[PDB]
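Have a look below at one chain only, the form deposited in one PDB entry, in structure tokens format.
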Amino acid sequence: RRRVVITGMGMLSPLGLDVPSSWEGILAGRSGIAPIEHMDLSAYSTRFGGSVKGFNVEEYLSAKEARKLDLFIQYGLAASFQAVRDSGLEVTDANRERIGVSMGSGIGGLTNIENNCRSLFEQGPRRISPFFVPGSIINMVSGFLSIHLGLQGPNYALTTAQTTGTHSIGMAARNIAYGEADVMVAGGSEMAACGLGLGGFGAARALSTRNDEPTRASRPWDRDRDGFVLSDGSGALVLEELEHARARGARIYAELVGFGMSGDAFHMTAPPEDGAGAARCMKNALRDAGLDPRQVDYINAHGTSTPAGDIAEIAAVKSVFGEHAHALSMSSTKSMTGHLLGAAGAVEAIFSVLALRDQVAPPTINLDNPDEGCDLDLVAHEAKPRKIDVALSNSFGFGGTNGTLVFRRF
């Protein structure tokens, strides 16, 4: 197996239109959550979320290119272009067969499907856009980026609900480690903030309804938590074989040493109370890295602010790490960004890499009164400078799909 390093990162989040602006917000304990302005939610039980604010697609694409593509694809390309620029990588005829893309999404092109449905219901099929299918399907971030940059390596998309970004990054690393590629652009994007999204998650009673204090809604492990906050955005990493990186004098952020997957095999939406599945997933990731659990310094938790999910993740960490559970720091950056669904594992991979770069655990904000058994170092309220040699990032999704990435200082 070849070693895999991170040489580039890109992001759209509710905290910023790039990685440094997003990370500035994370370290300041800043909320990206606000009343949603782009549609009328007067009649809805949840009227707030994490929007990407001031996104300027024409920095990336022509107006012609942009009008073809659902926002989730625009957000995915934005993060991908940032990551590739950030990497310094030059695509040539000599290497274009060795550079691939795995950018995914949990739900994909809801907004495009809504707009085309309006036309379909009032006028019939002859008013559907000719670009509807290619502009709405999840693999078109990978598609468009490969066409724009001339990437001829492995070209695919993961769709594992709220685990998508973690799985995308993990399986791209495997492509590089086993020699299918030298470089991969990997991560996820999501724009589910439309009637179907807020209505669909609303119908399932999954969302916080703290409309009077949106910035306090997302409160992972707090006793007053009442469901997750819906957010939009994208994260992309350039993953690179280490000798390829060293050969072109690339700036290396960190090393990707481990990837874990598991299924709960439990319930469509609910996690098992003891986090059995998450525990198997983290152990698979540590074994993959060849690490002792005692080597883990920081966990970026799934930590969605759901009653069942938050406690299951505490249980899984205590199971995997035993007494070391009291030495490591664990935080949920979802306290600040909310839940970017399929993009969550991408942006949280990036926050884990920067926790290594800056030797700082991001805070869990709004953790005013930790719930029964939530007695680990959850980095309540304020960022905590500490030694971090190994960082873990967990995602768990609908269908009991689990993913863990292990990152280490290089």
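Position 1 is the first residue in the sequence shown; the rest follow in order.
The following text describes the form solved in complex with a small molecule, which does not appear among the structures shown.
For the options 71, 312, 330, 296, the one in contact with the small molecule in the deposited complex, meaning a heavy atom within 4.5 Å, is 312.
A heavy atom within 4.5 Å of the small molecule in the deposited complex is found for one listed residue only; from 278, 169, 141, 238, this is 278.
Of the candidate stretches 92-100, 120-128, 304-312, 244-252, only 304-312 has residues whose heavy atoms lie within 4.5 Å of the small molecule in the deposited complex. Contact between residue 14 and the small molecule in the deposited complex is not found at the 4.5 Å heavy atom cutoff. Mapping the unseen interface onto this chain, residue 152 falls outside it, with no heavy atom inside 4.5 Å of the small molecule in the deposited complex.
Proximity of residue 269 to the small molecule in the deposited complex: non-hydrogen atoms within 4.5 Å are present. Contact check for residue 25: every heavy atom lies farther than 4.5 Å from the small molecule in the deposited complex. Shown here without its partner, the chain carries 48, 213 and 214, none of which come within 4.5 Å of the small molecule in the deposited complex through any heavy atom.
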